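Number of protein chains: 2
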Amino acid sequence: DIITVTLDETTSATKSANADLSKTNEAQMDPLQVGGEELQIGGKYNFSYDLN
Amino acid sequence: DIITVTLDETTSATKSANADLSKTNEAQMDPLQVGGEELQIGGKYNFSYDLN
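In the order they appear, the protein sequences are chains U and D.
Residues in the first sequence are numbered consecutively from 1, following my numbering.
Residues in the second sequence are numbered consecutively from 53, following my numbering.
Below, the structure written as structure tokens:
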């Protein structure tokens with residue numbers, strides 16, 4: 001038996017995925033000055049730091 | 053027996069596919085400075101790194 005087929009096909013598929021991570025640090029301190037002079041810890045260490 | 057055929061044919065087919073992948077890293081740290089001097093681990097290693 002003869003049967004006619006209408007070819008009408010349309011398929012479409014998409015997918016996506018993304019990720020992000022970020023972190024930052026910034027800590028800075030000038031040498032501490034008390035009494036007109038620069039404070040010293042130990043023998044050669046200041047009250048200062050720098051992180052980045 | 054004589055039969056007349058009307059030639060009327062029109063077929064059309066398309067297909068497509070694509071893919072993407074991407075990844076990136078960027079980690080950078082300046083040498084850590086505490087107490088006015090540059091911190092050293094071991095004997096010659098800083099607190100710094102650079103990844104790309």
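Ideal Cβ positions, reconstructed from N, Cα and C, are used throughout, including at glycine.
Contact set between residue i and chain U, taken where Cβ atoms lie within less than 9 Å
i	result
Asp82 of chain D	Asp50, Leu51, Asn52
Rounded C-alpha distance that separates residue i from residue j
i	j	result
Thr24 of chain U	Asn77 of chain D	14 Å
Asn104 of chain D	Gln80 of chain D	8 Å
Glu38 of chain U	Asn46 of chain U	8 Å
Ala17 of chain U	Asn70 of chain D	15 Å
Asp50 of chain U	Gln92 of chain D	14 Å
residue 45 of chain D	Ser22 of chain U	Residue 45 of chain D is absent from the structure shown; chain D starts at 53 and stops at 104.
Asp72 of chain D	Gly94 of chain D	44 Å
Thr62 of chain D	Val5 of chain U	14 Å
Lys44 of chain U	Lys96 of chain D	20 Å
Per-residue burial, residue i [other beta carbons within 10 Å of its own, 16 or more giving buried]
i	result
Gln85 of chain D	buried
Minimum C-alpha distance to residue i - residue among the options
i	options	result
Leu7 of chain U	D:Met81, D:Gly95, D:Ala79, D:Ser64	D:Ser64
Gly88 of chain D	U:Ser22, U:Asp1, U:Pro31	U:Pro31
Contact set between residue i and chain U, taken where Cβ atoms lie within less than 7 Å
i	result
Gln85 of chain D	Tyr49, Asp50
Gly88 of chain D	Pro31, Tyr45, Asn46, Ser48
Contacts that residue i makes with chain D (C-beta to C-beta distance below 9 Å)
i	result
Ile41 of chain U	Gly87
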